[PDB]
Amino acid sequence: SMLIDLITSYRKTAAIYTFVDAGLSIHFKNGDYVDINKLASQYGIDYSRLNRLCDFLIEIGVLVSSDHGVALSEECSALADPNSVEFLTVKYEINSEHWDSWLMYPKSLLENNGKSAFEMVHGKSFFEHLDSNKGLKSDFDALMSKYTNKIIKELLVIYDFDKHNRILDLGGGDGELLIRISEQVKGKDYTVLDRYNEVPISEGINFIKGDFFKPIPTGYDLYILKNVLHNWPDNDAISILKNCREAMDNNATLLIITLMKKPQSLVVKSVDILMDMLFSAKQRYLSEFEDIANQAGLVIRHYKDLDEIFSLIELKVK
């Protein structure tokens, strides 16, 4: 049955998580079939239990069985290396932080206390929690780093960075975007602004410890907000764009790179509900961006799709 499958489909996610979290996933690199006995004994885990878990992973199409042993299906090869979008999603997402928050999401809808489902559980914010927990922030950074590297090739084609002198990335985190821009485009002043417990280091990249809810520095002709605004409700989103405009002069460009909400994109709509749970935020239509931008005294001069999911909005002062 369709419905009962959807309800019990969480057990599949769990089974894949446990396989990864236990570190078993590494040993199935490049379609190498494996003997379970050695793996069970290697990790000091009961063979019977591991054999049964594999048997379940074989039925959902994660693994394949033979006389030689057990291998990852070509479709699920990504679980092998630990620096993959599928692997890094499991490491970042499948934890108490999301799963305990998901169980509080219904309570957060019924109770109209402004606080989000995550905040309800943890008593803090998402990003306030990541400052306390180093382990999860390294997983968060690593996953975000992958989503930037999908965009780079197209981003450099459709936008001219050669014409800019001083580039500031607001909520840049690692500064992966600017590091990857700096490889291709040299002889520019690159600055990353984000909440730092400790300042990152990279060749030719400046790192500012700042809060974009406070006044933004002047002198930069390029301001960037990549995957920031979908973490903030309208009132908080407008505040960020208001501080951006005041900092901007009439020749300055503001780049917004985000997941664009579309009628068909289930991928975006699943993240849209995820953003409501974590931050009481949302993914936005082109109209919703024009609304918050208009209130901030900014005007959309260029819109273009980078990817199936990611898009680029080019704003200016007016």
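Just count from 1 along the sequence shown to find any residue number.
Note on 23-31 vs 47-55: mean CA B-factor is higher in 23-31. Stretches 65-73 and 246-254 differ in mean CA B factor, with 65-73 having the higher one.
Remark: of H129, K91, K226, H98, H129 shows the highest value [criterion: C-alpha B-factor in the PDB entry]. Among the modelled residues of the chain, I179 sits in the middle third by CA temperature factor in this PDB entry. Among the modelled residues of its chain, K282 has a C-alpha B-factor that falls in the lowest third according to the deposited record. In the PDB entry, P106 places in the middle third of its chain by CA B-factor. The PDB entry assigns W232 a C-alpha temperature factor belonging to the lowest third of its chain's modelled residues. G204 sits in the highest third of its chain by CA B factor, as recorded in the PDB entry.
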